file query_20.cif (mmCIF, C-alpha atoms and all ligand atoms)
data_final
#
loop_
_atom_site.label_atom_id
_atom_site.label_comp_id
_atom_site.auth_asym_id
_atom_site.auth_seq_id
_atom_site.Cartn_x
_atom_site.Cartn_y
_atom_site.Cartn_z
CA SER A 8 108.99 -1.78 113.76
CA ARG A 9 107.15 -3.22 116.70
CA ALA A 10 107.44 -6.56 118.46
CA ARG A 11 104.47 -8.83 118.04
CA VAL A 12 104.46 -10.06 121.64
CA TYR A 13 105.22 -8.36 124.95
CA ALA A 14 105.80 -5.17 123.03
CA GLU A 15 104.75 -2.94 125.96
CA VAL A 16 105.68 -5.07 128.89
CA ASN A 17 108.37 -2.77 130.32
CA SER A 18 106.19 0.35 130.16
CA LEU A 19 103.60 -1.47 132.31
CA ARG A 20 106.19 -2.10 135.04
CA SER A 21 107.82 0.24 137.48
CA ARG A 22 110.50 2.40 135.94
CA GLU A 23 112.83 0.85 138.50
CA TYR A 24 112.48 -2.45 136.61
CA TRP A 25 114.07 -1.32 133.36
CA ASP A 26 116.05 1.76 134.42
CA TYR A 27 119.38 0.08 134.88
CA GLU A 28 121.53 3.19 135.10
CA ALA A 29 119.89 3.78 138.48
CA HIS A 30 120.53 0.31 139.81
CA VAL A 31 123.12 0.04 142.55
CA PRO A 32 124.87 -3.28 142.92
CA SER A 33 126.35 -4.21 146.25
CA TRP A 34 129.96 -5.16 145.44
CA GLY A 35 131.27 -8.02 147.57
CA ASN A 36 134.83 -9.28 147.95
CA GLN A 37 136.29 -11.25 145.05
CA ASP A 38 138.72 -12.97 147.43
CA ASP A 39 136.20 -15.37 148.98
CA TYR A 40 136.28 -16.86 145.46
CA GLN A 41 139.50 -18.61 144.41
CA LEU A 42 140.33 -18.84 140.74
CA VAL A 43 141.17 -22.32 139.48
CA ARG A 44 141.17 -22.14 135.68
CA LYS A 45 140.64 -19.55 132.94
CA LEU A 46 137.81 -21.13 130.91
CA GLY A 47 138.60 -18.68 128.23
CA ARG A 48 139.20 -15.01 127.73
CA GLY A 49 137.06 -12.67 125.70
CA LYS A 50 136.06 -9.16 124.67
CA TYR A 51 135.39 -7.21 127.84
CA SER A 52 135.59 -10.50 129.72
CA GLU A 53 137.74 -13.39 130.92
CA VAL A 54 136.05 -16.36 132.58
CA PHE A 55 137.31 -18.66 135.32
CA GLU A 56 136.34 -21.62 137.50
CA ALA A 57 136.42 -21.40 141.34
CA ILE A 58 135.03 -22.29 144.82
CA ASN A 59 132.84 -20.29 147.17
CA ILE A 60 135.02 -20.97 150.18
CA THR A 61 132.15 -19.90 152.46
CA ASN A 62 130.74 -23.49 152.14
CA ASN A 63 132.42 -24.83 148.87
CA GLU A 64 129.96 -24.31 146.01
CA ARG A 65 131.64 -24.58 142.59
CA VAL A 66 131.31 -21.43 140.47
CA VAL A 67 132.27 -19.47 137.35
CA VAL A 68 133.69 -15.96 137.56
CA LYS A 69 133.41 -13.37 134.80
CA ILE A 70 135.73 -10.40 135.28
CA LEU A 71 134.29 -7.33 133.60
CA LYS A 72 136.51 -4.58 132.18
CA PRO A 73 135.21 -1.51 134.09
CA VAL A 74 135.71 1.21 131.50
CA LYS A 75 131.92 1.07 130.94
CA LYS A 76 129.86 1.44 134.11
CA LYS A 77 126.63 1.49 132.11
CA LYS A 78 127.04 -1.82 130.34
CA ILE A 79 127.82 -3.27 133.80
CA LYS A 80 124.61 -2.03 135.36
CA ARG A 81 122.56 -3.21 132.35
CA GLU A 82 123.75 -6.79 132.75
CA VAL A 83 123.51 -6.93 136.54
CA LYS A 84 120.00 -5.49 136.43
CA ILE A 85 118.89 -7.95 133.77
CA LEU A 86 120.15 -10.92 135.70
CA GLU A 87 118.40 -9.61 138.82
CA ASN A 88 115.17 -9.52 136.76
CA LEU A 89 115.68 -13.07 135.45
CA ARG A 90 116.70 -14.66 138.77
CA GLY A 91 115.17 -18.08 139.04
CA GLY A 92 113.79 -17.99 135.51
CA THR A 93 113.37 -21.21 133.53
CA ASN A 94 116.84 -22.32 132.33
CA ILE A 95 118.61 -19.03 132.87
CA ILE A 96 122.09 -19.10 134.32
CA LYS A 97 121.77 -18.26 138.01
CA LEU A 98 123.78 -15.20 138.98
CA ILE A 99 125.07 -15.76 142.50
CA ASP A 100 126.94 -12.60 143.38
CA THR A 101 128.50 -9.42 142.17
CA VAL A 102 132.02 -8.80 143.54
CA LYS A 103 135.21 -6.73 143.14
CA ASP A 104 138.89 -7.26 143.85
CA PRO A 105 139.85 -5.41 147.04
CA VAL A 106 143.33 -4.25 146.06
CA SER A 107 142.31 -3.85 142.41
CA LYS A 108 138.70 -2.58 142.64
CA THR A 109 137.65 -4.21 139.38
CA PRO A 110 134.16 -5.75 139.26
CA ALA A 111 133.07 -9.23 138.40
CA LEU A 112 130.07 -11.51 138.31
CA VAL A 113 129.80 -15.00 139.79
CA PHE A 114 127.73 -17.67 138.05
CA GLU A 115 126.47 -21.13 138.90
CA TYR A 116 128.86 -23.63 137.37
CA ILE A 117 127.79 -26.02 134.61
CA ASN A 118 129.42 -29.27 133.51
CA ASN A 119 128.51 -28.56 129.92
CA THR A 120 129.65 -30.81 127.12
CA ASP A 121 131.06 -28.78 124.26
CA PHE A 122 128.63 -28.33 121.37
CA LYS A 123 131.48 -29.28 118.99
CA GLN A 124 131.48 -32.80 120.48
CA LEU A 125 127.82 -32.97 121.56
CA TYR A 126 126.15 -32.02 118.27
CA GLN A 127 127.95 -35.00 116.78
CA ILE A 128 125.83 -37.37 118.87
CA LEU A 129 122.43 -35.78 119.21
CA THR A 130 119.47 -37.88 118.20
CA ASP A 131 116.38 -36.42 116.57
CA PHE A 132 114.76 -36.49 120.02
CA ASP A 133 117.68 -34.80 121.77
CA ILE A 134 117.45 -31.95 119.29
CA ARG A 135 113.76 -31.46 119.93
CA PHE A 136 114.18 -31.72 123.72
CA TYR A 137 116.98 -29.22 124.09
CA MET A 138 115.47 -26.78 121.60
CA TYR A 139 112.21 -26.81 123.55
CA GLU A 140 114.24 -26.05 126.66
CA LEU A 141 116.06 -23.22 124.95
CA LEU A 142 112.68 -21.91 123.81
CA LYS A 143 111.35 -21.88 127.42
CA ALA A 144 114.41 -19.79 128.34
CA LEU A 145 113.80 -17.32 125.50
CA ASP A 146 110.03 -16.95 126.14
CA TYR A 147 110.83 -16.18 129.74
CA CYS A 148 113.32 -13.37 129.15
CA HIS A 149 111.24 -11.91 126.29
CA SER A 150 108.17 -11.80 128.57
CA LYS A 151 110.41 -10.14 131.16
CA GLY A 152 111.04 -7.47 128.54
CA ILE A 153 114.47 -8.58 127.49
CA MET A 154 116.35 -9.48 124.33
CA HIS A 155 119.36 -11.78 124.77
CA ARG A 156 120.97 -10.63 121.48
CA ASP A 157 123.70 -13.31 121.42
CA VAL A 158 122.00 -16.65 121.06
CA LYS A 159 124.53 -19.10 119.70
CA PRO A 160 125.93 -22.54 120.48
CA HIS A 161 128.66 -21.33 122.92
CA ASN A 162 126.00 -19.55 125.01
CA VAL A 163 123.66 -22.55 125.25
CA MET A 164 125.35 -24.67 127.93
CA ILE A 165 124.07 -28.25 127.97
CA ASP A 166 124.79 -30.89 130.62
CA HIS A 167 123.79 -33.94 128.61
CA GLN A 168 123.99 -36.40 131.50
CA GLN A 169 121.82 -34.27 133.79
CA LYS A 170 119.79 -33.24 130.68
CA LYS A 171 120.06 -29.59 131.82
CA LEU A 172 120.29 -26.43 129.70
CA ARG A 173 121.45 -22.96 130.69
CA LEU A 174 121.58 -19.93 128.46
CA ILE A 175 124.33 -17.58 129.50
CA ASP A 176 126.39 -14.45 128.66
CA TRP A 177 123.95 -11.57 129.12
CA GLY A 178 126.52 -8.81 128.55
CA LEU A 179 124.71 -7.98 125.31
CA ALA A 180 121.15 -8.40 126.56
CA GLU A 181 118.95 -5.31 126.50
CA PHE A 182 115.51 -4.09 127.57
CA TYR A 183 113.01 -3.91 124.70
CA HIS A 184 110.96 -0.66 124.43
CA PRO A 185 108.77 0.03 121.35
CA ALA A 186 110.22 2.26 118.56
CA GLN A 187 113.61 2.33 120.35
CA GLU A 188 116.58 2.17 117.96
CA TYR A 189 119.26 -0.37 118.90
CA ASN A 190 122.86 -1.07 118.06
CA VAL A 191 123.34 -3.73 115.35
CA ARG A 192 126.83 -4.73 116.75
CA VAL A 193 125.20 -7.50 118.67
CA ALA A 194 125.29 -11.29 118.18
CA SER A 195 127.95 -13.47 116.53
CA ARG A 196 128.33 -12.96 112.78
CA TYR A 197 126.86 -16.40 111.99
CA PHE A 198 123.69 -15.86 114.06
CA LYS A 199 123.01 -12.20 113.12
CA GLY A 200 119.51 -11.57 111.79
CA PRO A 201 119.31 -9.84 108.43
CA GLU A 202 117.92 -6.78 110.21
CA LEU A 203 121.35 -6.28 111.81
CA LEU A 204 123.19 -6.93 108.55
CA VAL A 205 121.15 -4.30 106.71
CA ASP A 206 121.55 -1.85 109.71
CA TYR A 207 117.85 -1.69 110.69
CA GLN A 208 117.93 -0.47 114.29
CA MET A 209 114.26 -0.89 115.22
CA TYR A 210 114.51 -4.57 116.03
CA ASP A 211 113.08 -6.63 118.82
CA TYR A 212 112.98 -10.04 120.48
CA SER A 213 112.44 -11.64 117.06
CA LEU A 214 116.22 -11.36 116.50
CA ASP A 215 116.85 -14.16 119.04
CA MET A 216 114.36 -16.24 117.08
CA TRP A 217 116.50 -15.90 113.93
CA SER A 218 119.58 -16.82 115.95
CA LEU A 219 117.64 -19.84 117.14
CA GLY A 220 116.70 -20.81 113.60
CA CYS A 221 120.40 -20.74 112.70
CA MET A 222 121.12 -23.08 115.60
CA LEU A 223 118.28 -25.39 114.58
CA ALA A 224 119.45 -25.67 110.95
CA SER A 225 123.04 -26.36 111.98
CA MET A 226 121.71 -29.14 114.26
CA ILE A 227 119.39 -31.02 111.86
CA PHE A 228 121.65 -30.59 108.82
CA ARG A 229 124.93 -30.95 110.77
CA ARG A 230 126.45 -27.89 109.07
CA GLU A 231 127.81 -25.75 111.94
CA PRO A 232 127.60 -22.81 111.54
CA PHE A 233 124.82 -23.05 108.97
CA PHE A 234 125.40 -19.65 107.31
CA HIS A 235 129.19 -19.40 107.38
CA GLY A 236 129.92 -15.76 106.47
CA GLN A 237 133.35 -14.17 106.00
CA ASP A 238 132.14 -10.68 107.09
CA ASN A 239 128.80 -8.93 107.54
CA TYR A 240 128.40 -8.36 103.79
CA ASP A 241 129.22 -11.97 102.85
CA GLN A 242 126.94 -13.22 105.66
CA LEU A 243 123.88 -11.52 104.13
CA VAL A 244 124.90 -12.94 100.75
CA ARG A 245 125.06 -16.44 102.17
CA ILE A 246 121.57 -15.99 103.58
CA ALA A 247 120.18 -14.68 100.32
CA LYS A 248 121.42 -17.66 98.35
CA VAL A 249 119.07 -19.76 100.48
CA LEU A 250 116.09 -17.47 101.16
CA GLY A 251 116.19 -15.93 97.65
CA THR A 252 117.23 -12.41 96.71
CA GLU A 253 113.78 -11.32 95.59
CA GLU A 254 112.35 -12.13 99.03
CA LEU A 255 115.09 -9.85 100.44
CA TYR A 256 114.27 -6.81 98.31
CA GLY A 257 110.64 -7.24 99.33
CA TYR A 258 111.64 -6.99 103.01
CA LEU A 259 113.78 -3.91 102.49
CA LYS A 260 110.91 -2.34 100.61
CA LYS A 261 108.37 -3.12 103.33
CA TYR A 262 110.54 -1.45 105.96
CA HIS A 263 111.97 1.36 103.82
CA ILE A 264 115.51 0.07 104.38
CA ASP A 265 118.38 1.85 102.64
CA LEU A 266 120.68 -0.76 101.08
CA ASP A 267 124.43 -0.02 101.02
CA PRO A 268 125.47 0.26 97.33
CA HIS A 269 128.28 -2.31 97.91
CA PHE A 270 125.68 -5.09 98.04
CA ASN A 271 124.66 -4.66 94.40
CA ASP A 272 127.97 -5.97 93.08
CA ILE A 273 127.83 -9.08 95.32
CA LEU A 274 124.21 -10.14 95.98
CA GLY A 275 123.46 -11.44 92.47
CA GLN A 276 120.08 -12.97 91.78
CA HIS A 277 119.20 -16.18 93.62
CA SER A 278 115.98 -18.10 93.96
CA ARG A 279 114.55 -19.34 97.22
CA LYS A 280 115.99 -22.75 97.86
CA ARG A 281 114.13 -25.78 99.02
CA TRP A 282 115.04 -26.67 102.58
CA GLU A 283 115.25 -30.27 101.30
CA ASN A 284 118.31 -29.25 99.28
CA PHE A 285 120.28 -29.71 102.49
CA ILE A 286 119.35 -33.27 103.34
CA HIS A 287 121.89 -36.08 102.66
CA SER A 288 122.52 -39.51 104.16
CA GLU A 289 124.64 -38.23 107.07
CA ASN A 290 121.77 -36.10 108.49
CA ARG A 291 118.61 -37.78 107.14
CA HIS A 292 117.90 -39.34 110.51
CA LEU A 293 117.44 -35.79 111.98
CA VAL A 294 115.20 -34.13 109.41
CA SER A 295 111.43 -34.49 109.28
CA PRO A 296 108.65 -32.52 107.57
CA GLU A 297 107.68 -30.94 110.89
CA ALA A 298 111.34 -29.95 111.43
CA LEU A 299 111.51 -28.05 108.14
CA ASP A 300 108.17 -26.41 108.71
CA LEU A 301 109.46 -24.99 112.01
CA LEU A 302 112.65 -23.97 110.24
CA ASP A 303 110.95 -22.14 107.38
CA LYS A 304 108.94 -20.18 109.94
CA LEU A 305 112.00 -19.21 111.99
CA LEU A 306 114.38 -18.10 109.23
CA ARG A 307 112.39 -15.32 107.47
CA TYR A 308 113.73 -11.97 106.36
CA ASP A 309 110.68 -10.21 107.89
CA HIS A 310 111.53 -10.24 111.57
CA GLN A 311 107.85 -9.52 112.25
CA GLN A 312 106.68 -12.67 110.55
CA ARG A 313 109.06 -14.81 112.61
CA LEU A 314 107.49 -17.36 114.93
CA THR A 315 107.68 -16.09 118.51
CA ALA A 316 109.10 -18.30 121.26
CA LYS A 317 105.63 -19.38 122.40
CA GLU A 318 104.33 -20.03 118.84
CA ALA A 319 107.44 -22.15 118.22
CA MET A 320 106.95 -24.15 121.43
CA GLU A 321 103.50 -25.07 120.13
CA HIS A 322 104.89 -26.45 116.80
CA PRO A 323 104.29 -30.14 115.97
CA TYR A 324 108.07 -30.53 115.85
CA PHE A 325 107.84 -30.48 119.63
CA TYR A 326 104.82 -32.76 120.26
CA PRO A 327 107.30 -35.59 121.16
CA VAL A 328 108.75 -33.36 123.92
CA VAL A 329 105.38 -32.24 125.25
CA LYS A 330 104.04 -35.72 126.02
CA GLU A 331 107.32 -36.86 127.69
CA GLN A 332 107.23 -33.91 130.18
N1 LIG B 1 130.36 -19.44 127.22
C1 LIG B 1 130.53 -19.24 128.47
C2 LIG B 1 130.75 -19.17 130.02
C3 LIG B 1 131.96 -19.68 130.53
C4 LIG B 1 133.02 -20.12 129.58
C5 LIG B 1 133.56 -19.18 128.65
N2 LIG B 1 134.45 -19.90 128.04
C6 LIG B 1 134.65 -21.21 128.37
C7 LIG B 1 135.51 -22.21 127.89
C8 LIG B 1 135.42 -23.49 128.49
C9 LIG B 1 134.55 -23.80 129.57
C10 LIG B 1 133.67 -22.77 130.03
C11 LIG B 1 133.70 -21.47 129.42
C12 LIG B 1 129.83 -18.83 131.21
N3 LIG B 1 129.06 -17.76 131.66
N4 LIG B 1 128.53 -18.20 132.92
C13 LIG B 1 128.96 -19.49 133.19
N5 LIG B 1 128.73 -20.41 134.33
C14 LIG B 1 129.74 -19.86 132.15
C15 LIG B 1 130.44 -21.19 131.97
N6 LIG B 1 131.10 -22.17 131.74
#
call {"tool": "encode", "arguments": {"input": "query_20.cif", "output": "structure tokens", "more": "lines below"}}
Ligand SMILES: N#C/C(=C\c1c[nH]c2ccccc12)c1n[nH]c(N)c1C#N
result
Amino acid sequence: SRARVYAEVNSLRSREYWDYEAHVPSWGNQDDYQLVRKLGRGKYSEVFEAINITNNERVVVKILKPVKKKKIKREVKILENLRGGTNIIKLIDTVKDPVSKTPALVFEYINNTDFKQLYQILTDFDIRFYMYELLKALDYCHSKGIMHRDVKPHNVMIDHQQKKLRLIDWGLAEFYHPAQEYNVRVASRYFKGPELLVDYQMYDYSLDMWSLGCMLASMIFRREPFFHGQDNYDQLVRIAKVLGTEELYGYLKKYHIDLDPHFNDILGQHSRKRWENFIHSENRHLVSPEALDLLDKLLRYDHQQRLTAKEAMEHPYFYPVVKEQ
């Protein structure tokens, strides 16, 4: 019902800061930028590589689908607010196609190595280092009043050789205001907090912290995704087989959450599992008591009890990354 950190931070800022409908982007010319290669199409997006001919700075170009002005302003405004923030993808320009008049956003390029080939090779230290760096990103945007709402491996770009991390794709990010009711059609199925799966709209930054748990578990147990749901119903079932079904009803009770009657026939009764149930010889080298303590405190039904980004950065799991700063 209310975020445990930074709950009020947007109300203590100028309305200009969080009133995105009133933001006016200056739309440049999308012809100075020359497409090279469609690094993958998407929902309201298709993404390409290219060169700022005005000097030759490599870049990435995300071509919005302008049947929603408001979503466009929301994202532009949020990136304006996070410019130069710890580990956030730098937005360079906002542009449009002259003859076509369709808008687009231009992003610093990143030689990322694909998580599907990089998670195979991470050491126990790598995992702690990059997670810390993802945490810094999340504590920044949260303290700037903002929920990412789509934390997941594809949106955590990692240049292993430069040891750089950039969290990206802010087309779902949103200003947090207390008591505000949000859409649950955010985040990838596998990284959706249970609040979204039970349709509880009064959520907050703590959702990203669940998403981050999911990433952490997949990394130290090498099961990616960790909670591999078939749909939104099955996803909550997968979670409950691990966290226990009694500890789910307790949450719903606490927050007065109406449970769709279709869950009765499929939830069953499950006990809370031991996070050691997931260790085996292929991932033992990545799992430590301090790693499972962090994990237990990230993946909770009660979004309010979830470790914040700053609490998590303080965890002993990260003491190896602190000293090596
Ligand atoms: N995920 C993401 C983003 C781009 C991509 C989307 N599909 C891809 C497939 C292969 C290589 C890159 C991307 C993104 N947003 N901003 C950037 N510089 C990005 C990059 N790369």
call {"tool": "atom_distance", "arguments": {"input": "query_20.cif", "atom1": "CA of residue 217 in chain A", "atom2": "CA of residue 82 in chain A"}}
result
22.1 Å
call {"tool": "closest_residue", "arguments": {"input": "query_20.cif", "among": "A:42, A:95, A:31, A:87", "to": "ligand LIG 1 (chain B)", "atoms": "all atoms listed in the file"}}
result
A:95
call {"tool": "residues_near_ligand", "arguments": {"input": "query_20.cif", "ligand": "ligand LIG 1 (chain B)", "cutoff": "10 Å", "atoms": "all atoms listed in the file", "output": "ChimeraX atom specification"}}
result
/A:44-49,52-56,65-69,95-98,112-121,159-164,173-178
call {"tool": "closest_residue", "arguments": {"input": "query_20.cif", "among": "A:324, A:24, A:308, A:122", "to": "residue 229 in chain A", "atoms": "all atoms listed in the file"}}
result
A:122
call {"tool": "residues_around", "arguments": {"input": "query_20.cif", "residues": "residue 230 in chain A", "least_positions_apart": "3", "cutoff": "12 Å", "atoms": "all atoms listed in the file", "output": "PyMOL selection string"}}
result
chain A and resi 123+126-127+197+221-227+233-235+285-287+289-290
call {"tool": "closest_residue", "arguments": {"input": "query_20.cif", "among": "A:169, A:239, A:315, A:276", "to": "residue 219 in chain A", "atoms": "all atoms listed in the file"}}
result
A:315
call {"tool": "closest_residue", "arguments": {"input": "query_20.cif", "among": "A:247, A:216, A:85, A:70", "to": "residue 138 in chain A", "atoms": "all atoms listed in the file"}}
result
A:216
call {"tool": "atom_distance", "arguments": {"input": "query_20.cif", "atom1": "CA of residue 273 in chain A", "atom2": "CA of residue 236 in chain A"}}
result
13.2 Å
call {"tool": "closest_residue", "arguments": {"input": "query_20.cif", "among": "A:139, A:207, A:325, A:228", "to": "residue 259 in chain A", "atoms": "all atoms listed in the file"}}
result
A:207
call {"tool": "atom_distance", "arguments": {"input": "query_20.cif", "atom1": "CA of residue 13 in chain A", "atom2": "CA of residue 208 in chain A"}}
result
18.4 Å
call {"tool": "residues_near_point", "arguments": {"input": "query_20.cif", "point": "(104.5, -32.3, 118.0)", "cutoff": "12 Å", "atoms": "all atoms listed in the file", "output": "ChimeraX atom specification"}}
result
/A:132,135-136,139,295-298,300-301,319-331
call {"tool": "write_last_selection", "arguments": {"input": "query_20.cif", "atoms": "C-alpha atoms", "output": "PDB file, in the frame of the given file"}}
result
ATOM      1  CA  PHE A 132     114.760 -36.490 120.020  1.00  0.00           C
ATOM      2  CA  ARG A 135     113.760 -31.460 119.930  1.00  0.00           C
ATOM      3  CA  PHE A 136     114.180 -31.720 123.720  1.00  0.00           C
ATOM      4  CA  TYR A 139     112.210 -26.810 123.550  1.00  0.00           C
ATOM      5  CA  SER A 295     111.430 -34.490 109.280  1.00  0.00           C
ATOM      6  CA  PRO A 296     108.650 -32.520 107.570  1.00  0.00           C
ATOM      7  CA  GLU A 297     107.680 -30.940 110.890  1.00  0.00           C
ATOM      8  CA  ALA A 298     111.340 -29.950 111.430  1.00  0.00           C
ATOM      9  CA  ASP A 300     108.170 -26.410 108.710  1.00  0.00           C
ATOM     10  CA  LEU A 301     109.460 -24.990 112.010  1.00  0.00           C
ATOM     11  CA  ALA A 319     107.440 -22.150 118.220  1.00  0.00           C
ATOM     12  CA  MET A 320     106.950 -24.150 121.430  1.00  0.00           C
ATOM     13  CA  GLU A 321     103.500 -25.070 120.130  1.00  0.00           C
ATOM     14  CA  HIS A 322     104.890 -26.450 116.800  1.00  0.00           C
ATOM     15  CA  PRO A 323     104.290 -30.140 115.970  1.00  0.00           C
ATOM     16  CA  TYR A 324     108.070 -30.530 115.850  1.00  0.00           C
ATOM     17  CA  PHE A 325     107.840 -30.480 119.630  1.00  0.00           C
ATOM     18  CA  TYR A 326     104.820 -32.760 120.260  1.00  0.00           C
ATOM     19  CA  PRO A 327     107.300 -35.590 121.160  1.00  0.00           C
ATOM     20  CA  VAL A 328     108.750 -33.360 123.920  1.00  0.00           C
ATOM     21  CA  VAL A 329     105.380 -32.240 125.250  1.00  0.00           C
ATOM     22  CA  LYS A 330     104.040 -35.720 126.020  1.00  0.00           C
ATOM     23  CA  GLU A 331     107.320 -36.860 127.690  1.00  0.00           C
TER      24      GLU A 331
END
call {"tool": "closest_residue", "arguments": {"input": "query_20.cif", "among": "A:133, A:28, A:100, A:267", "to": "residue 80 in chain A", "atoms": "all atoms listed in the file"}}
result
A:28
call {"tool": "decode", "arguments": {"input": "query_20.cif", "residues": "range 101-116 of chain A", "atoms": "N, CA and C atoms", "output": "mmCIF file, in the first residue's frame"}}
result
data_model
loop_
_atom_site.group_PDB
_atom_site.id
_atom_site.type_symbol
_atom_site.label_atom_id
_atom_site.label_comp_id
_atom_site.auth_asym_id
_atom_site.auth_seq_id
_atom_site.Cartn_x
_atom_site.Cartn_y
_atom_site.Cartn_z
ATOM 1 N N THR A 101 16.310 12.651 -29.078
ATOM 2 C CA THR A 101 14.970 12.315 -29.496
ATOM 3 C C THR A 101 14.813 12.874 -30.901
ATOM 4 N N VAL A 102 14.356 12.048 -31.849
ATOM 5 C CA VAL A 102 14.331 12.411 -33.264
ATOM 6 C C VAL A 102 13.082 11.841 -33.923
ATOM 7 N N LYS A 103 12.847 12.280 -35.168
ATOM 8 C CA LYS A 103 11.734 11.854 -36.007
ATOM 9 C C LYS A 103 12.229 11.737 -37.443
ATOM 10 N N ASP A 104 11.498 10.971 -38.243
ATOM 11 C CA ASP A 104 11.813 10.825 -39.656
ATOM 12 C C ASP A 104 11.164 11.954 -40.439
ATOM 13 N N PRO A 105 11.925 12.795 -41.116
ATOM 14 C CA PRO A 105 11.315 13.904 -41.858
ATOM 15 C C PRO A 105 10.109 13.468 -42.672
ATOM 16 N N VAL A 106 10.326 12.693 -43.736
ATOM 17 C CA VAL A 106 9.222 12.353 -44.623
ATOM 18 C C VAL A 106 8.148 11.538 -43.923
ATOM 19 N N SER A 107 8.476 10.878 -42.813
ATOM 20 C CA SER A 107 7.540 9.961 -42.179
ATOM 21 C C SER A 107 6.996 10.452 -40.848
ATOM 22 N N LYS A 108 7.684 11.376 -40.185
ATOM 23 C CA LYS A 108 7.177 12.056 -38.996
ATOM 24 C C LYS A 108 6.970 11.123 -37.806
ATOM 25 N N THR A 109 7.616 9.968 -37.801
ATOM 26 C CA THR A 109 7.475 9.059 -36.683
ATOM 27 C C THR A 109 8.642 9.192 -35.724
ATOM 28 N N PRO A 110 8.397 9.190 -34.411
ATOM 29 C CA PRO A 110 9.443 9.551 -33.456
ATOM 30 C C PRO A 110 10.323 8.364 -33.092
ATOM 31 N N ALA A 111 11.402 8.670 -32.393
ATOM 32 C CA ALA A 111 12.387 7.660 -32.099
ATOM 33 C C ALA A 111 13.383 8.218 -31.109
ATOM 34 N N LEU A 112 14.003 7.311 -30.377
ATOM 35 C CA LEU A 112 14.931 7.658 -29.321
ATOM 36 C C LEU A 112 16.282 7.034 -29.638
ATOM 37 N N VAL A 113 17.353 7.743 -29.298
ATOM 38 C CA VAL A 113 18.706 7.365 -29.684
ATOM 39 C C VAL A 113 19.532 7.144 -28.425
ATOM 40 N N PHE A 114 20.114 5.949 -28.303
ATOM 41 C CA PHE A 114 20.742 5.501 -27.069
ATOM 42 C C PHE A 114 22.206 5.146 -27.265
ATOM 43 N N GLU A 115 23.030 5.517 -26.276
ATOM 44 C CA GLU A 115 24.415 5.074 -26.261
ATOM 45 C C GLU A 115 24.454 3.586 -26.552
ATOM 46 N N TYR A 116 25.381 3.199 -27.416
ATOM 47 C CA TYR A 116 25.558 1.812 -27.800
ATOM 48 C C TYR A 116 26.263 1.055 -26.679
#
